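Chemist: FYI, in UniProt numbering the residues of the sequence shown are 34 to 293.
Cβ atoms here follow ideal geometry from the backbone N, Cα and C, with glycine treated the same way.
This is the structure I want to talk about, given as structure tokens.
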Amino acid sequence: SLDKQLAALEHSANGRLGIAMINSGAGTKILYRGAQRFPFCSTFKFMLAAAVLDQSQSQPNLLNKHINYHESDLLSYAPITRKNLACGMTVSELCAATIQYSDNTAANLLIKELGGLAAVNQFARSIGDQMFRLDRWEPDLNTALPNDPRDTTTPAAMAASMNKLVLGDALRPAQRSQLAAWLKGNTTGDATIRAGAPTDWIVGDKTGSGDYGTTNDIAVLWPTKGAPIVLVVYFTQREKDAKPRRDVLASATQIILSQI
Numbered sequence: 034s035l036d037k038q039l040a041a042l043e044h045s046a047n048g049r050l051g052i053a054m055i056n057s058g059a060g061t062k063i064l065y066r067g068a069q070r071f072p073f074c075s076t077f078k079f080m081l082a083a084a085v086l087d088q089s090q091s092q093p094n095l096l097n098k099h100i101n102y103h104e105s106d107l108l109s110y111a112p113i114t115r116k117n118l119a120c121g122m123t124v125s126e127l128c129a130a131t132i133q134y135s136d137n138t139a140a141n142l143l144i145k146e147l148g149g150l151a152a153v154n155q156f157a158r159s160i161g162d163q164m165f166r167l168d169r170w171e172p173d174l175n176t177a178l179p180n181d182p183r184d185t186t187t188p189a190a191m192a193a194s195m196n197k198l199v200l201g202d203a204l205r206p207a208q209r210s211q212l213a214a215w216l217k218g219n220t221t222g223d224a225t226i227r228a229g230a231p232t233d234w235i236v237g238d239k240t241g242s243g244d245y246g247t248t249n250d251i252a253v254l255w256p257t258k259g260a261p262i263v264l265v266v267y268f269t270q271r272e273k274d275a276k277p278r279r280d281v282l283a284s285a286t287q288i289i290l291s292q293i
């Protein structure tokens, strides 16, 4: 039914579709391949910023530590860090660049600042997420090889972690609002979940893309008009150099939100 709809959609796009939708207002969930591993690509940056915002509770002044960096830190996608190379940036500025632009160098500077890759994995365990695993730095974590467990999570686990962080009480209200705000002001997701949603709902989201035409989006949606919704949509294809399919994420989103 909903299965056959999602199964036909993913078949028509030559790939595998991973979906978790949570409605905290009713508690209900919707899963499709919700316990299968998918390469998370840049959507891990949501967990990264949440880890910094988490620490900003213990250390308030963290959001203002100034980070100097070097030409050697720059990557192909580093719009904000490239611009500020000769001046450096604050931890809060790196978070915003990381979430709202998917700046790869900003992400790497934040990983190092948190205490390395192990620190991100530790943070996920600390909120009860046993599926998340970060194995590489940017941009290597986007290889997305089929059935490769590195840099993966499951849709259900990512949805549960986002729900706890953006809507649950894993963060204090200001941190939570800051995270929602960064998500809400994301500029990279106009053609994904935001497209398939009602046009007056407000959406906050983090995209990801990788090889194998991997196209990801994770979002909190605020209906005007009801209780908030967490939607994870992960999509990966069979051909290594396939074009991304943001339309498929749009189609999956309107198929899912039809059930509400």
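Using DSSP with H/G/I as helix, E/B as strand and the rest coil, what is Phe71?
Modeler: Strand, per DSSP.
Chemist: Note down, in chain order, each residue of its chain lying with its Cβ closer than 7 Å to the Cβ of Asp250, except the 5 sequence neighbours on either side.
Modeler: Excluding positions up to five away in sequence, the list reads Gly222, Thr225, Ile226, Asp238, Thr240, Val266 and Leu282.
Chemist: By a C-beta neighbour count over all protein chains shown, 10 Å radius and 16 as the cutoff for buried, is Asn101 buried or exposed?
Modeler: Classification for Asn101: exposed.
Chemist: With 16 other CB atoms within 10 Å as the buried threshold, where does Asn196 fall?
Modeler: Per the 10 Å Cβ criterion, buried.
Chemist: Could you compute how far the alpha carbon of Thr269 sits from the alpha carbon of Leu35?
Modeler: Roughly 19 Å separates the two Cα atoms.
Chemist: Hey, how far is the Cα of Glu272 from the Cα of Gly246?
Modeler: Cα to Cα, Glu272 sits roughly 7 Å from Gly246.
Chemist: Taking the Cβ atom as the reference point for each residue, do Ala82 and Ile160 lie within a distance shorter than 9 Å?
Modeler: Result no, Cβ atoms of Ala82 and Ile160 do not sit closer than 9 Å.
Chemist: Taking all protein chains shown into account, do 16 or more other C-beta atoms lie within 10 angstroms of the C-beta of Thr248, making it buried, or fewer, making it exposed?
Modeler: By the 10 Å Cβ count, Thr248 comes out buried.
Chemist: Which whole-angstrom value is the C-beta distance of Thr257 and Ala68, which I expect to be below 8 Å?
Modeler: Between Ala68 and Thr257 the Cβ distance is about 32 Å, and since that is not below 8 Å, they are no contact.
Chemist: Between the segment 39-51 and the segment 136-149, do three or more beta carbon pairs fall short of 8 Å?
Modeler: Short answer: they don't touch.
Chemist: What is the DSSP secondary structure of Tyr102, counted as helix, strand or coil?
Modeler: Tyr102: coil per DSSP, three-state reduction.
Chemist: Roughly how many angstroms separate the alpha carbons of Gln38 and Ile289, rounded to a whole number?
Modeler: Going by the C-alpha atoms only, they are around 10 Å apart.
Chemist: To the nearest angstrom, report how far apart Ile293 and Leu64 are at their CA atoms.
Modeler: Each residue's Cα considered, the two are about 14 Å apart.
Chemist: In the structure shown, what three-state DSSP assignment does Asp244 receive?
Modeler: Reduced to three states, the DSSP call for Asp244 is coil.
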